[PDB]
């Protein structure tokens, strides 16, 4: 209640504090957001499928509500996300006869979408995840396969950044990805961003999703990743932080509540993480959780459909967890 510290105040001098929302959860969690965050991200309603579900049909209504909420409460907004292998409708890659479109056609659709979306929120949204998760998560290759990449070629990302920059040259443009602290994938992300910067491409930041577990990645791997990326001269945002109660191999569905030890280790893990972020306050400018309280989290159904997870600083009744007290006292 009254005597609880406010996350954004606690970290006033370190970084912004954000949360991913939709219009429902804005209503359901309004007070937590008003009390703690100074930054908002749309969990789903600014991805391609929720902005242009059919060609020439733009559905900005839900995204507008999110932006209106943020502006009415002095909160910044991160835009998420323009170009991604997921949650993009099929029409984008097809012609009238069901076949794939050409390089030049896909570029015009990319440019048209990026221009329409970014111009609408120009001067309200201060940064954009332009490219999401383009690096390969496994294997020897640099890049994931995607229809973006297959149709256009490997320079589809340079084009995306240049289209966004032209639509709003005052925005900070980000490459955004997960498993960003595993060394092999860290070096791919580093190598990709380095090459883009070395060509003069307007990429200003790296977004570290940080969909983490109690164990992985280690504090040393997080520190190395921060330093490797920060050495490129880019801004760093932590963009989707949560601390899952299950490791990747742990696919149990029948846990009705977190254990005493899970709750305690999570508190400790969050304390170590925010200590590391504070230490690197000079390169980390924002820390956004993918949610805010345990009554809404995508981890309830990912990677295991139909279970429950407890990944955030507040519980389902919106009360501070022990993780809260450790996080604010670094």
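Residue numbers count along the first chain shown, from 1.
Per the PDB record, of the two stretches 41 to 49 and 278 to 286, 278 to 286 carries the greater mean B-factor over its C-alpha atoms.
Taking the mean C-alpha B-factor of each stretch as recorded, 89 to 97 and 111 to 119 are not equal, and the higher mean is that of 89 to 97. Remark: of 196, 83, 164, 77, 196 shows the highest value [criterion: C-alpha B-factor in the PDB entry]. In the PDB entry, the Cα temperature factor peaks, among 238, 222, 142, 245, at 142. Remark: residue 320 belongs to the middle third of its chain, ranked by C-alpha B-factor as recorded. Among the modelled residues of its chain, residue 27 has a C-alpha B-factor that falls in the highest third according to the deposited record. Remark: residue 303 belongs to the highest third of its chain, ranked by C-alpha B-factor as recorded.
When the modelled residues of the chain are ordered by C-alpha B-factor, residue 173 sits in the lowest third. When the modelled residues of the chain are ordered by their C-alpha B factor, residue 35 lands in the highest third.
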